[PDB]
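Structure record follows, encoded as structure tokens.
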Amino acid sequence: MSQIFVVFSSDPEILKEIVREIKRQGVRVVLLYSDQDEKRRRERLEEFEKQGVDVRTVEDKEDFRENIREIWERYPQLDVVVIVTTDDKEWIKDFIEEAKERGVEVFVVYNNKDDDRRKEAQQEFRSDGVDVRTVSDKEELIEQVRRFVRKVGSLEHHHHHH
């Protein structure tokens, strides 16, 4: 029943397009922003703050998983789309672990062109309630996000993955 949507992307220009769509659908967006400089980090995510976005800053893998606990403690409604600035399998992992401990279903959508290693990643992470979606484009990812709002905005409607 309870599903949460999460996106992993290395491209900030793709990330921004995902965020605006989420806002178009009248949905909340939890951006977990990771950058190599503190000053840069703020100047980057501030563009989202001023656009009405829920941005948390992350530096490490362990710092990532704790900001996820923020979400579980903030929004039981789960009408939130979480976005993380990376394509690392570690960061994909921690989100799944924390989620399983709360007994929630997670639909993961991440962008990375080499789908070959995505095949093993799917077999590795795809759990009972945790779904794995792989795309090599911006709009291919946008579709999954839009379809999310359309599935949760009425029922559970998990079955649609394609």
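Chain labels follow the order of the structure tokens: the first chain is A, the next B, and so on; residue numbering restarts at 1 in every chain, and ligands are counted from 1 in their shown order.
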Every residue of stretch 13-54 of chain A that DSSP places in helix (DSSP H, G or I), as number ranges by chain | A: 13-24, 38-49
Could you write those residues out with N, CA, C and O atoms, as a compact mmCIF listing (two decimals), in the first residue's frame?
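Once everything was written out, this is selection-v2.txt:
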```txt
# COMPACT_ATOMS: atom_id res chain seq x y z
N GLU A 13 21.01 19.36 -14.35
CA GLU A 13 20.07 19.90 -15.34
C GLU A 13 18.87 18.96 -15.55
O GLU A 13 17.78 19.39 -15.91
N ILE A 14 19.08 17.66 -15.31
CA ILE A 14 17.99 16.68 -15.34
C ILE A 14 17.21 16.74 -14.03
O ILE A 14 15.98 16.76 -14.02
N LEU A 15 17.96 16.79 -12.93
CA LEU A 15 17.40 16.94 -11.59
C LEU A 15 16.40 18.11 -11.52
O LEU A 15 15.27 17.95 -11.03
N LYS A 16 16.80 19.28 -12.01
CA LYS A 16 15.95 20.48 -11.98
C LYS A 16 14.62 20.25 -12.72
O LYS A 16 13.55 20.67 -12.25
N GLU A 17 14.69 19.59 -13.87
CA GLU A 17 13.50 19.31 -14.68
C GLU A 17 12.55 18.35 -13.96
O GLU A 17 11.33 18.48 -14.04
N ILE A 18 13.11 17.38 -13.24
CA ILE A 18 12.31 16.47 -12.42
C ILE A 18 11.57 17.25 -11.33
O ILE A 18 10.36 17.11 -11.15
N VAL A 19 12.31 18.10 -10.62
CA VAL A 19 11.76 18.92 -9.53
C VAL A 19 10.57 19.78 -10.00
O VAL A 19 9.50 19.75 -9.38
N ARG A 20 10.75 20.54 -11.08
CA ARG A 20 9.67 21.41 -11.57
C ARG A 20 8.41 20.60 -11.91
O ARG A 20 7.30 21.02 -11.60
N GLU A 21 8.59 19.43 -12.53
CA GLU A 21 7.47 18.53 -12.83
C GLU A 21 6.72 18.14 -11.56
O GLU A 21 5.49 18.23 -11.50
N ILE A 22 7.46 17.72 -10.54
CA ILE A 22 6.88 17.38 -9.23
C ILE A 22 6.00 18.53 -8.71
O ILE A 22 4.89 18.32 -8.23
N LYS A 23 6.51 19.76 -8.84
CA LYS A 23 5.76 20.95 -8.45
C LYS A 23 4.53 21.17 -9.36
O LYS A 23 3.49 21.63 -8.90
N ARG A 24 4.67 20.84 -10.65
CA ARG A 24 3.54 20.93 -11.59
C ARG A 24 2.40 19.99 -11.18
O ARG A 24 1.22 20.32 -11.35
N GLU A 38 31.13 23.60 0.16
CA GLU A 38 30.03 24.13 0.98
C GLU A 38 29.38 25.36 0.32
O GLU A 38 28.15 25.43 0.20
N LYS A 39 30.21 26.31 -0.10
CA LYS A 39 29.73 27.54 -0.73
C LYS A 39 28.97 27.25 -2.03
O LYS A 39 27.83 27.69 -2.21
N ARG A 40 29.59 26.48 -2.92
CA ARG A 40 28.93 26.03 -4.15
C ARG A 40 27.61 25.31 -3.83
O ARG A 40 26.57 25.64 -4.39
N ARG A 41 27.68 24.35 -2.91
CA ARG A 41 26.51 23.56 -2.51
C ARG A 41 25.29 24.46 -2.21
O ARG A 41 24.21 24.24 -2.76
N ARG A 42 25.48 25.46 -1.36
CA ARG A 42 24.39 26.38 -1.00
C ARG A 42 23.89 27.17 -2.22
O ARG A 42 22.69 27.24 -2.47
N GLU A 43 24.82 27.75 -2.98
CA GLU A 43 24.47 28.57 -4.16
C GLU A 43 23.70 27.76 -5.21
O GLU A 43 22.91 28.30 -5.99
N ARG A 44 23.94 26.45 -5.23
CA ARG A 44 23.25 25.54 -6.14
C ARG A 44 21.83 25.21 -5.66
O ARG A 44 20.85 25.43 -6.38
N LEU A 45 21.72 24.70 -4.44
CA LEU A 45 20.43 24.28 -3.88
C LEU A 45 19.50 25.46 -3.58
O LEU A 45 18.27 25.31 -3.55
N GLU A 46 20.07 26.65 -3.35
CA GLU A 46 19.26 27.85 -3.08
C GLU A 46 18.27 28.12 -4.23
O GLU A 46 17.15 28.58 -3.99
N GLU A 47 18.69 27.82 -5.46
CA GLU A 47 17.80 27.96 -6.62
C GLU A 47 16.53 27.11 -6.45
O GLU A 47 15.48 27.44 -6.98
N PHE A 48 16.64 26.02 -5.70
CA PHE A 48 15.49 25.17 -5.39
C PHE A 48 14.73 25.68 -4.16
O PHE A 48 13.50 25.64 -4.13
N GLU A 49 15.46 26.18 -3.15
CA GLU A 49 14.82 26.77 -1.95
C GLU A 49 13.82 27.86 -2.35
O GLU A 49 12.67 27.88 -1.89
```
Spatial neighbours of residue A:28, 8 Å, only C-alpha atoms, chain gap at least 2 places, as a compact mmCIF listing (two decimals) with C-alpha atoms, in the first residue's frame:
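After the write, result_23.txt holds the following:
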```txt
# COMPACT_ATOMS: atom_id res chain seq x y z
CA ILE A 22 6.88 17.38 -9.23
CA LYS A 23 5.76 20.95 -8.45
CA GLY A 26 1.20 19.55 -6.88
CA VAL A 30 12.76 16.14 -0.98
CA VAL A 53 11.56 22.71 -2.53
CA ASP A 54 12.42 20.52 0.51
CA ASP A 79 3.23 12.10 -1.18
CA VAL A 80 6.91 13.15 -1.51
CA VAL A 81 9.37 12.55 -4.36
```
From a DSSP calculation on the backbone, collect every residue of chain A in strand (DSSP E) and output the set as a ChimeraX atom specification.
-> /A:3-9,28-33,54-57,80-85,105-111,131-135
Selected residues written out, C-alpha atoms, as a CSV table (one decimal), in the first residue's frame:
```
chain,number,residue,atom,x,y,z
A,3,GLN,CA,4.9,3.6,-1.6
A,4,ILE,CA,7.5,6.3,-1.9
A,5,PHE,CA,9.3,7.6,-5.1
A,6,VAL,CA,13.0,8.2,-5.2
A,7,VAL,CA,15.3,9.4,-8.1
A,8,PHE,CA,19.1,9.2,-8.5
A,9,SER,CA,20.7,11.4,-11.1
A,28,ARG,CA,6.3,17.7,-2.5
A,29,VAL,CA,10.0,17.2,-3.4
A,30,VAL,CA,12.8,16.1,-1.0
A,31,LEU,CA,16.1,17.0,-2.6
A,32,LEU,CA,19.2,15.4,-0.9
A,33,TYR,CA,21.9,17.7,-2.4
A,54,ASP,CA,12.4,20.5,0.5
A,55,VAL,CA,16.3,20.4,0.3
A,56,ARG,CA,18.5,18.6,2.7
A,57,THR,CA,22.3,18.7,2.4
A,80,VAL,CA,6.9,13.1,-1.5
A,81,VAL,CA,9.4,12.5,-4.4
A,82,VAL,CA,13.0,12.2,-3.1
A,83,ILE,CA,15.8,13.2,-5.4
A,84,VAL,CA,19.6,12.5,-4.8
A,85,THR,CA,22.5,14.1,-6.7
A,105,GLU,CA,7.5,0.2,-0.5
A,106,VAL,CA,10.1,2.1,-2.6
A,107,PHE,CA,10.0,2.7,-6.3
A,108,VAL,CA,13.6,3.6,-7.4
A,109,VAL,CA,14.2,5.4,-10.7
A,110,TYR,CA,17.8,6.3,-11.6
A,111,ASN,CA,19.5,7.5,-14.9
A,131,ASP,CA,11.0,-1.6,-7.3
A,132,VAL,CA,14.0,-0.8,-9.7
A,133,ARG,CA,13.6,1.4,-12.8
A,134,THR,CA,16.5,2.2,-15.2
A,135,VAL,CA,16.6,5.0,-17.8
```
Contacts of residue A:150 within 12 Å, only C-alpha atoms, excl. fewer than 5 positions in-chain, as an mmCIF file with C-alpha atoms, in the first residue's frame:
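The result, stored in selection36.cif:
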```cif
data_model
loop_
_atom_site.group_PDB
_atom_site.id
_atom_site.type_symbol
_atom_site.label_atom_id
_atom_site.label_comp_id
_atom_site.auth_asym_id
_atom_site.auth_seq_id
_atom_site.Cartn_x
_atom_site.Cartn_y
_atom_site.Cartn_z
ATOM 1 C CA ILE A 22 6.881 17.383 -9.234
ATOM 2 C CA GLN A 25 1.788 17.810 -10.245
ATOM 3 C CA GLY A 26 1.197 19.548 -6.877
ATOM 4 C CA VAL A 27 3.558 17.133 -5.091
ATOM 5 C CA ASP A 79 3.234 12.101 -1.182
ATOM 6 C CA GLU A 143 7.530 9.764 -17.300
ATOM 7 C CA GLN A 144 8.011 7.497 -14.254
ATOM 8 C CA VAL A 145 7.676 10.549 -11.945
ATOM 9 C CA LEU A 155 -5.044 4.257 -5.243
ATOM 10 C CA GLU A 156 -1.849 2.243 -4.619
ATOM 11 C CA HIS A 157 -1.660 1.232 -8.322
ATOM 12 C CA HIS A 158 1.892 -0.259 -8.000
ATOM 13 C CA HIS A 160 2.492 -0.161 -13.598
#
```
Among listed residues A:112, A:77, A:122, A:86, nearest residue A:153 (using only C-alpha atoms) |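 The shortest atom-to-atom distance to residue A:153 comes from A:77.
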Go through A:88, A:128, A:115, A:37 and flag the residue nearest residue A:59, using only C-alpha atoms for the distances.
-> A:37
